[PDB]
>>> print(open('my_file_6.pdb').read())   # PDB, C-alpha atoms (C1' of nucleotides)
ATOM      1  CA  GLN Z   1     120.602  98.893 124.155  1.00  0.00           C
ATOM      2  CA  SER Z   2     122.234  95.570 124.951  1.00  0.00           C
ATOM      3  CA  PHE Z   3     124.394  93.794 127.495  1.00  0.00           C
ATOM      4  CA  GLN Z   4     126.884  93.235 124.673  1.00  0.00           C
ATOM      5  CA  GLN Z   5     126.908  93.758 120.941  1.00  0.00           C
ATOM      6  CA  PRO Z   6     125.253  90.672 119.411  1.00  0.00           C
ATOM      7  CA  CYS Z   7     127.243  88.804 116.792  1.00  0.00           C
ATOM      8  CA  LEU Z   8     126.203  86.464 113.987  1.00  0.00           C
ATOM      9  CA  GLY Z   9     127.933  83.363 115.291  1.00  0.00           C
ATOM     10  CA  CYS Z  10     131.471  84.670 115.812  1.00  0.00           C
ATOM     11  CA  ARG Z  11     132.333  87.873 117.654  1.00  0.00           C
ATOM     12  CA  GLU Z  12     134.070  89.290 114.577  1.00  0.00           C
ATOM     13  CA  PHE Z  13     130.668  89.514 112.847  1.00  0.00           C
ATOM     14  CA  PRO Z  14     128.555  92.182 114.585  1.00  0.00           C
ATOM     15  CA  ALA Z  15     124.786  91.905 114.274  1.00  0.00           C
ATOM     16  CA  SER Z  16     122.728  95.029 113.706  1.00  0.00           C
ATOM     17  CA  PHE Z  17     119.392  94.514 115.436  1.00  0.00           C
ATOM     18  CA  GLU Z  18     116.042  96.265 115.663  1.00  0.00           C
ATOM     19  CA  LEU Z  19     112.746  95.376 117.317  1.00  0.00           C
ATOM     20  CA  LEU Z  20     109.998  94.542 114.825  1.00  0.00           C
ATOM     21  CA  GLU Z  21     106.568  95.922 115.747  1.00  0.00           C
ATOM     22  CA  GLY Z  22     104.515  94.684 112.805  1.00  0.00           C
ATOM     23  CA  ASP Z  23     104.191  92.075 110.103  1.00  0.00           C
ATOM     24  CA  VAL Z  24     107.409  90.395 108.991  1.00  0.00           C
ATOM     25  CA  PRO Z  25     108.713  91.556 105.589  1.00  0.00           C
ATOM     26  CA  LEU Z  26     108.571  89.321 102.542  1.00  0.00           C
ATOM     27  CA  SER Z  27     111.176  86.586 102.136  1.00  0.00           C
ATOM     28  CA  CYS Z  28     113.057  85.775  98.951  1.00  0.00           C
ATOM     29  CA  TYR Z  29     112.000  82.150  99.534  1.00  0.00           C
ATOM     30  CA  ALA Z  30     108.307  82.966  99.993  1.00  0.00           C
ATOM     31  CA  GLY Z  31     106.955  80.363  97.567  1.00  0.00           C
ATOM     32  CA  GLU Z  32     109.617  77.675  98.011  1.00  0.00           C
ATOM     33  CA  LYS Z  33     109.997  74.623 100.233  1.00  0.00           C
ATOM     34  CA  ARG Z  34     113.624  73.736 100.946  1.00  0.00           C
ATOM     35  CA  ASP Z  35     115.074  70.921 103.052  1.00  0.00           C
ATOM     36  CA  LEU Z  36     118.291  71.725 104.919  1.00  0.00           C
ATOM     37  CA  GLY Z  37     118.797  68.370 106.625  1.00  0.00           C
ATOM     38  CA  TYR Z  38     119.603  67.828 110.274  1.00  0.00           C
ATOM     39  CA  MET Z  39     121.131  70.781 112.114  1.00  0.00           C
ATOM     40  CA  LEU Z  40     121.736  71.881 115.678  1.00  0.00           C
ATOM     41  CA  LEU Z  41     118.918  72.879 118.008  1.00  0.00           C
ATOM     42  CA  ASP Z  42     120.952  73.682 121.122  1.00  0.00           C
ATOM     43  CA  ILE Z  43     123.324  72.147 123.664  1.00  0.00           C
ATOM     44  CA  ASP Z  44     121.661  70.207 126.489  1.00  0.00           C
ATOM     45  CA  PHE Z  45     123.839  71.710 129.195  1.00  0.00           C
ATOM     46  CA  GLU Z  46     122.011  69.800 131.933  1.00  0.00           C
ATOM     47  CA  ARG Z  47     122.938  66.488 130.276  1.00  0.00           C
ATOM     48  CA  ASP Z  48     126.716  67.077 130.276  1.00  0.00           C
ATOM     49  CA  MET Z  49     126.356  69.425 127.297  1.00  0.00           C
ATOM     50  CA  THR Z  50     124.901  66.840 124.927  1.00  0.00           C
ATOM     51  CA  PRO Z  51     124.004  68.434 121.567  1.00  0.00           C
ATOM     52  CA  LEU Z  52     120.616  67.714 120.025  1.00  0.00           C
ATOM     53  CA  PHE Z  53     119.630  68.036 116.371  1.00  0.00           C
ATOM     54  CA  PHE Z  54     116.453  68.559 114.358  1.00  0.00           C
ATOM     55  CA  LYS Z  55     115.744  68.282 110.643  1.00  0.00           C
ATOM     56  CA  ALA Z  56     115.270  71.777 109.238  1.00  0.00           C
ATOM     57  CA  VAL Z  57     112.651  72.475 106.572  1.00  0.00           C
ATOM     58  CA  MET Z  58     112.392  76.018 105.239  1.00  0.00           C
ATOM     59  CA  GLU Z  59     108.907  76.384 103.778  1.00  0.00           C
ATOM     60  CA  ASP Z  60     108.265  79.973 102.664  1.00  0.00           C
ATOM     61  CA  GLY Z  61     111.603  80.947 104.205  1.00  0.00           C
ATOM     62  CA  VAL Z  62     110.452  80.368 107.801  1.00  0.00           C
ATOM     63  CA  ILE Z  63     111.959  77.618 109.967  1.00  0.00           C
ATOM     64  CA  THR Z  64     109.912  76.217 112.861  1.00  0.00           C
ATOM     65  CA  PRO Z  65     112.205  74.285 115.215  1.00  0.00           C
ATOM     66  CA  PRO Z  66     110.740  72.246 118.073  1.00  0.00           C
ATOM     67  CA  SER Z  67     111.049  73.634 121.579  1.00  0.00           C
ATOM     68  CA  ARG Z  68     114.465  72.589 122.880  1.00  0.00           C
ATOM     69  CA  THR Z  69     112.921  72.096 126.334  1.00  0.00           C
ATOM     70  CA  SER Z  70     110.543  69.421 125.028  1.00  0.00           C
ATOM     71  CA  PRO Z  71     111.157  65.948 126.535  1.00  0.00           C
ATOM     72  CA  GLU Z  72     110.887  64.261 123.116  1.00  0.00           C
ATOM     73  CA  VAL Z  73     113.847  66.155 121.627  1.00  0.00           C
ATOM     74  CA  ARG Z  74     116.014  65.880 124.742  1.00  0.00           C
ATOM     75  CA  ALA Z  75     117.733  62.665 125.791  1.00  0.00           C
TER      76      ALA Z  75
ATOM     77  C1'   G A   1     123.747  87.582 134.029  1.00  0.00           C
ATOM     78  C1'   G A   2     125.746  80.153 132.718  1.00  0.00           C
ATOM     79  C1'   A A   3     126.853  78.597 127.785  1.00  0.00           C
ATOM     80  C1'   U A   4     125.475  82.508 119.861  1.00  0.00           C
ATOM     81  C1'   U A   5     130.422  74.059 118.134  1.00  0.00           C
ATOM     82  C1'   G A   6     131.122  80.153 121.474  1.00  0.00           C
ATOM     83  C1'   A A   7     134.793  82.272 124.021  1.00  0.00           C
ATOM     84  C1'   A A   8     141.571  83.499 122.166  1.00  0.00           C
ATOM     85  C1'   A A   9     143.608  83.538 117.049  1.00  0.00           C
ATOM     86  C1'   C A  10     149.347  88.503 111.904  1.00  0.00           C
ATOM     87  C1'   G A  11     150.726  85.594 106.150  1.00  0.00           C
ATOM     88  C1'   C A  12     154.730  87.022 108.391  1.00  0.00           C
ATOM     89  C1'   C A  13     159.982  88.019 108.318  1.00  0.00           C
ATOM     90  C1'   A A  14     163.415  89.731 103.011  1.00  0.00           C
ATOM     91  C1'   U A  15     165.255  90.136  97.612  1.00  0.00           C
ATOM     92  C1'   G A  16     169.283  95.721  91.523  1.00  0.00           C
ATOM     93  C1'   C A  17     166.554  94.258  85.956  1.00  0.00           C
ATOM     94  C1'   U A  18     171.375  94.629  85.480  1.00  0.00           C
ATOM     95  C1'   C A  19     176.070  94.966  82.751  1.00  0.00           C
ATOM     96  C1'   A A  20     176.412  97.489  76.694  1.00  0.00           C
ATOM     97  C1'   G A  21     175.555  98.908  71.535  1.00  0.00           C
ATOM     98  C1'   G A  22     176.828 105.236  65.222  1.00  0.00           C
ATOM     99  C1'   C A  23     171.334 105.326  61.570  1.00  0.00           C
ATOM    100  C1'   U A  24     174.887 105.208  58.834  1.00  0.00           C
ATOM    101  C1'   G A  25     177.601 105.564  54.266  1.00  0.00           C
ATOM    102  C1'   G A  26     175.748 109.679  49.379  1.00  0.00           C
ATOM    103  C1'   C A  27     172.075 111.902  45.700  1.00  0.00           C
ATOM    104  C1'   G A  28     171.908 119.751  40.509  1.00  0.00           C
ATOM    105  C1'   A A  29     164.916 121.523  40.566  1.00  0.00           C
ATOM    106  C1'   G A  30     166.744 121.421  36.030  1.00  0.00           C
ATOM    107  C1'   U A  31     166.190 122.651  31.167  1.00  0.00           C
ATOM    108  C1'   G A  32     162.850 127.649  28.924  1.00  0.00           C
ATOM    109  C1'   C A  33     158.960 131.632  28.474  1.00  0.00           C
ATOM    110  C1'   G A  34     157.885 140.388  25.351  1.00  0.00           C
ATOM    111  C1'   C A  35     152.752 142.970  29.669  1.00  0.00           C
ATOM    112  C1'   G A  36     151.791 143.949  25.360  1.00  0.00           C
ATOM    113  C1'   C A  37     149.082 146.005  21.223  1.00  0.00           C
ATOM    114  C1'   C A  38     146.195 151.797  21.770  1.00  0.00           C
ATOM    115  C1'   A A  39     143.930 156.497  24.328  1.00  0.00           C
ATOM    116  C1'   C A  40     143.197 165.662  23.915  1.00  0.00           C
ATOM    117  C1'   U A  41     142.523 167.566  30.210  1.00  0.00           C
ATOM    118  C1'   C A  42     139.505 169.880  27.459  1.00  0.00           C
ATOM    119  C1'   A A  43     135.518 172.990  25.874  1.00  0.00           C
ATOM    120  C1'   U A  44     134.967 179.151  29.395  1.00  0.00           C
ATOM    121  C1'   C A  45     135.210 182.478  33.053  1.00  0.00           C
ATOM    122  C1'   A A  46     137.286 192.089  34.319  1.00  0.00           C
ATOM    123  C1'   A A  47     141.585 193.657  37.724  1.00  0.00           C
ATOM    124  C1'   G A  48     139.213 196.779  40.909  1.00  0.00           C
TER     125        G A  48
END
>>> encode(input="my_file_6.pdb", output="structure tokens")
Amino acid sequence: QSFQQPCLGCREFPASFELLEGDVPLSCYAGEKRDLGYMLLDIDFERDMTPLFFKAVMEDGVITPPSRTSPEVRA
RNA sequence: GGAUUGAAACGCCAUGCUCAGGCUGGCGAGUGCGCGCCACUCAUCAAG
């Protein structure tokens, strides 16, 4: 169930979803560290919709962004 | 139930491969070559 069909970015790309109740499956990038550069965390809507960015590293295929509510990522 | 740099977003309108042009003119299967040389139907059996 859902309020609306989720989409992968743009509405024309529907996202099939499913709750995961166990260990995450294996990633194709399991043994690799990859740097993706700075990308978007979220839009700080409270601060007149100021975007904020973080540098994305993709060790083992898992990205760990900082909490967008943290004071040290926000303006 | 506020926000997935999102929410909205046609490649779309239309356009003869056509007009046409012998595969033709002509060329003996032909000259010739015994099925032939031989070989008993035959040795018997009343008519009732």
>>> closest_residue(input="my_file_6.pdb", among="A:2, A:30, A:25, A:36", to="chain Z", atoms="all atoms listed in the file")
A:2
>>> axis_aligned_box(input="my_file_6.pdb", around="range 9-16 of chain A", padding_each_side="8 Å", output="lines of an AutoDock Vina configuration file")
center_x = 156.4
center_y = 89.6
center_z = 104.3
size_x = 41.7
size_y = 28.2
size_z = 41.5
>>> interface_residues(input="my_file_6.pdb", of="chain A", to="chain Z", cutoff="8 Å", atoms="only C-alpha atoms (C1' of nucleotides)", output="PyMOL selection string")
chain A and resi 3-4+6
>>> resolve_selection(input="my_file_6.pdb", expression="the PyMOL selection byres ((chain Z and resi 1) around 12)", output="short mmCIF file (atom, residue, chain, number, x, y, z; two decimals) with C-alpha atoms, in the frame of the given file")
data_model
loop_
_atom_site.label_atom_id
_atom_site.label_comp_id
_atom_site.auth_asym_id
_atom_site.auth_seq_id
_atom_site.Cartn_x
_atom_site.Cartn_y
_atom_site.Cartn_z
CA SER Z 2 122.23 95.57 124.95
CA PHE Z 3 124.39 93.79 127.50
CA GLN Z 4 126.88 93.24 124.67
CA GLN Z 5 126.91 93.76 120.94
CA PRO Z 6 125.25 90.67 119.41
CA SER Z 16 122.73 95.03 113.71
CA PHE Z 17 119.39 94.51 115.44
CA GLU Z 18 116.04 96.26 115.66
CA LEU Z 19 112.75 95.38 117.32
#
>>> atom_distance(input="my_file_6.pdb", atom1="CA of residue 25 in chain Z", atom2="CA of residue 63 in chain Z")
15.0 Å
>>> atom_distance(input="my_file_6.pdb", atom1="CA of residue 32 in chain Z", atom2="CA of residue 58 in chain Z")
7.9 Å
>>> atom_distance(input="my_file_6.pdb", atom1="CA of residue 50 in chain Z", atom2="CA of residue 72 in chain Z")
14.4 Å
>>> closest_residue(input="my_file_6.pdb", among="Z:56, Z:48, Z:29, Z:41", to="residue 68 in chain Z", atoms="all atoms listed in the file")
Z:41
>>> decode(input="my_file_6.pdb", residues="chain A", atoms="C-alpha atoms (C1' of nucleotides)", output="PDB file, in the first residue's frame")
ATOM      1  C1'   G A   1      -0.297  14.699   4.380  1.00  0.00           C
ATOM      2  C1'   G A   2       4.636  20.535   2.792  1.00  0.00           C
ATOM      3  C1'   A A   3       8.452  19.802  -0.796  1.00  0.00           C
ATOM      4  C1'   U A   4      11.617  12.398  -4.689  1.00  0.00           C
ATOM      5  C1'   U A   5      16.355  20.116  -8.791  1.00  0.00           C
ATOM      6  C1'   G A   6       9.930  17.474  -8.067  1.00  0.00           C
ATOM      7  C1'   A A   7       5.474  18.762  -9.783  1.00  0.00           C
ATOM      8  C1'   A A   8       3.288  19.968 -16.465  1.00  0.00           C
ATOM      9  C1'   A A   9       5.828  18.363 -21.080  1.00  0.00           C
ATOM     10  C1'   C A  10       3.758  14.699 -29.226  1.00  0.00           C
ATOM     11  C1'   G A  11       8.889  14.705 -33.365  1.00  0.00           C
ATOM     12  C1'   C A  12       4.956  16.510 -35.454  1.00  0.00           C
ATOM     13  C1'   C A  13       2.339  18.074 -39.846  1.00  0.00           C
ATOM     14  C1'   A A  14       3.379  15.744 -45.877  1.00  0.00           C
ATOM     15  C1'   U A  15       5.942  13.638 -50.535  1.00  0.00           C
ATOM     16  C1'   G A  16       4.742   8.286 -57.910  1.00  0.00           C
ATOM     17  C1'   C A  17      10.384   5.460 -58.776  1.00  0.00           C
ATOM     18  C1'   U A  18       8.604   7.105 -62.987  1.00  0.00           C
ATOM     19  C1'   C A  19       8.370   7.624 -68.398  1.00  0.00           C
ATOM     20  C1'   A A  20      10.558   2.939 -72.451  1.00  0.00           C
ATOM     21  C1'   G A  21      13.337  -1.016 -74.898  1.00  0.00           C
ATOM     22  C1'   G A  22      12.856  -8.268 -80.256  1.00  0.00           C
ATOM     23  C1'   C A  23      17.296 -12.565 -77.942  1.00  0.00           C
ATOM     24  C1'   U A  24      17.799 -12.217 -82.386  1.00  0.00           C
ATOM     25  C1'   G A  25      19.515 -13.492 -87.264  1.00  0.00           C
ATOM     26  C1'   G A  26      20.742 -19.786 -89.034  1.00  0.00           C
ATOM     27  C1'   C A  27      23.110 -24.884 -88.434  1.00  0.00           C
ATOM     28  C1'   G A  28      21.457 -33.376 -92.140  1.00  0.00           C
ATOM     29  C1'   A A  29      22.948 -37.805 -86.644  1.00  0.00           C
ATOM     30  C1'   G A  30      25.281 -39.116 -90.739  1.00  0.00           C
ATOM     31  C1'   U A  31      27.873 -42.650 -93.240  1.00  0.00           C
ATOM     32  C1'   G A  32      27.367 -48.986 -92.370  1.00  0.00           C
ATOM     33  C1'   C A  33      26.558 -53.935 -89.910  1.00  0.00           C
ATOM     34  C1'   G A  34      23.309 -62.510 -91.779  1.00  0.00           C
ATOM     35  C1'   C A  35      20.770 -64.645 -85.403  1.00  0.00           C
ATOM     36  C1'   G A  36      23.320 -67.903 -87.228  1.00  0.00           C
ATOM     37  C1'   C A  37      25.727 -72.668 -87.654  1.00  0.00           C
ATOM     38  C1'   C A  38      22.702 -78.044 -85.618  1.00  0.00           C
ATOM     39  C1'   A A  39      18.835 -81.343 -82.803  1.00  0.00           C
ATOM     40  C1'   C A  40      13.414 -88.755 -83.422  1.00  0.00           C
ATOM     41  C1'   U A  41       8.313 -87.428 -79.432  1.00  0.00           C
ATOM     42  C1'   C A  42       9.764 -91.852 -78.833  1.00  0.00           C
ATOM     43  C1'   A A  43      10.304 -96.740 -76.859  1.00  0.00           C
ATOM     44  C1'   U A  44       4.197 -99.903 -75.026  1.00  0.00           C
ATOM     45  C1'   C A  45      -0.458-100.515 -73.456  1.00  0.00           C
ATOM     46  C1'   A A  46      -8.346-106.192 -75.420  1.00  0.00           C
ATOM     47  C1'   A A  47     -13.245-103.793 -77.087  1.00  0.00           C
ATOM     48  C1'   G A  48     -16.454-105.651 -73.655  1.00  0.00           C
TER      49        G A  48
END
